[PDB]
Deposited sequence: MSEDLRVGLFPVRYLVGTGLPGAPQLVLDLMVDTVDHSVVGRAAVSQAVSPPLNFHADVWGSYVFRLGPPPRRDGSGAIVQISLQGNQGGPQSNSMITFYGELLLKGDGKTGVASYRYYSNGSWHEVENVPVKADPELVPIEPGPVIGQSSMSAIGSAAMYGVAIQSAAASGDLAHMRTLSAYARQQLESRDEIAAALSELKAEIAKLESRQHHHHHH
């Protein structure tokens, strides 16, 4: 428990049956402005979409928005694997709600999810 770190969990998605769902488990170091964690994308479709990536990035606060930029792959930033994930979270100033877009790589192609709600915990 260093002073500048706290965790946060984000629920990203419309929440509609069959819509894509992203859960981000992030650790936030408020010193370096850095973010690290895991992204899990699922979808209750046939067949099922079960995308996962180790993610890292940073955040920027703009007056009140908190913008979180993420990219991800299999293994983290020290892995030399290709990035299979991009995400951008625009939280409202309270840091509990906002909008997000992301891209993940699956079946030899990229898939983009744009402007979906975000919730904390």
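Unmodelled segments of the deposited chain, in sequence order: 1 to 4, 68 to 77, 136 to 218.
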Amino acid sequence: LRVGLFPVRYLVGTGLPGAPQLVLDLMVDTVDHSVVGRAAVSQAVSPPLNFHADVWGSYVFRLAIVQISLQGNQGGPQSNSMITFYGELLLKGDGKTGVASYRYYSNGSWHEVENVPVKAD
From here on, numbers count along this sequence of modelled residues.
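In the PDB entry, a CA B factor belonging to the highest third of its chain's modelled residues is recorded for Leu5. The entry lists a Cα temperature factor for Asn80 that places it in the highest third of the chain's modelled residues. The entry lists a Cα temperature factor for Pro48 that places it in the middle third of the chain's modelled residues.
Per the PDB record, residue ranking by Cα B-factor puts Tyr59 in the highest third of the chain.
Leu26: CA B factor in the middle third of modelled residues in this chain (values from the PDB entry).
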